[PDB]
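Trainee: Residue 1 is where the sequence shown starts when you use the deposited numbering, and the numbers rise one by one after that.
Right, I'll just put the structure down here and ask away after.
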Amino acid sequence: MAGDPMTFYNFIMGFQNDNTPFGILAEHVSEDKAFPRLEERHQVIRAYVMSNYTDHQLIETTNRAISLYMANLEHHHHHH
Numbered sequence: 001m002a003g004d005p006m007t008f009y010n011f012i013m014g015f016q017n018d019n020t021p022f023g024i025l026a027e028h029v030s031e032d033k034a035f036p037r038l039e040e041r042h043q044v045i046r047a048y049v050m051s052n053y054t055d056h057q058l059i060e061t062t063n064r065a066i067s068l069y070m071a072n073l074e075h076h077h078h079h080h
């Protein structure tokens with residue numbers, strides 16, 4: 001069965017509307033079928049996008065969102 005929450009995509013949505021370096025990422029990845037393969041973790045996604053996209057903004061945006069969804073998540077399970 002397909003299990004697509006599209007969490008990462010939900011975060012980048014909003015930028016995909018006006019001409020923004022962040023929007024270009026969402027736009028170019030939205031070009032693909034987005035059909036689930038073998039995601040599991042976020043680091044694997046980092047490796048794939050950084051291997052295909054040489055664009056610094058496209059790489060940065062990705063590992064930034066990934067970093068946030070890790071650090072922010074953990075510090076919302078443990079917050080002072």
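Cβ coordinates follow ideal geometry from the N, Cα and C atoms, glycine included.
#1: Determine, using beta carbons only, whether residue 12 and residue 65 come nearer to each other than 8 Å.
#2: Is it right to say residue 73 is buried, meaning 16 or more other beta carbons lie within 10 angstroms of its own, or is it exposed?
#3: Which runs of the alpha helix (DSSP H) at least 4 residues long sit entirely within the segment 15-51? Give them in chain order.
#4: Helix, strand or coil, according to DSSP, for residue 6 in the structure here?
#5: Around the C-beta of residue 35, are 16 or more other C-beta atoms found within 10 angstroms, so that it is buried, or is it exposed?
#6: Check this for me: beta carbons of residue 27 and residue 43, under 8 Å apart or not?
#7: Using the C-alpha atoms, what's the distance from residue 61 back to residue 54?
Mentor: Checking against the coordinates, here is how it stands:
#1: Locating residue 12 in the sequence shown gives position 12, where the first residue counts as 1. Locating residue 65 in the sequence shown gives position 65, where the first residue counts as 1. For residue 12 and residue 65, yes; Cβs fall inside 8 Å.
#2: For the purposes of this step, residue 73 is taken as residue 73 along the sequence shown, with counting starting at 1. Exposed, since its Cβ has fewer than 16 Cβ neighbours within 10 Å.
#3: 21-30
#4: Start at 1 with the first residue of the sequence shown, and residue 6 comes out as number 6. Looking at residue 6 - three-state DSSP - the assignment turns out to be coil, as it is neither helix nor strand.
#5: Locating residue 35 in the sequence shown gives position 35, counting from the first residue. Classification for residue 35: exposed.
#6: If you number the sequence shown from 1, residue 27 lands on position 27. If you number the sequence shown from 1, residue 43 lands on position 43. Contact flag unset, no.
#7: Taking the sequence shown and counting its residues from 1, the one referred to as residue 54 is at position 54. Taking the sequence shown and counting its residues from 1, the one referred to as residue 61 is at position 61. Going by the C-alpha atoms only, they are around 12 Å apart.
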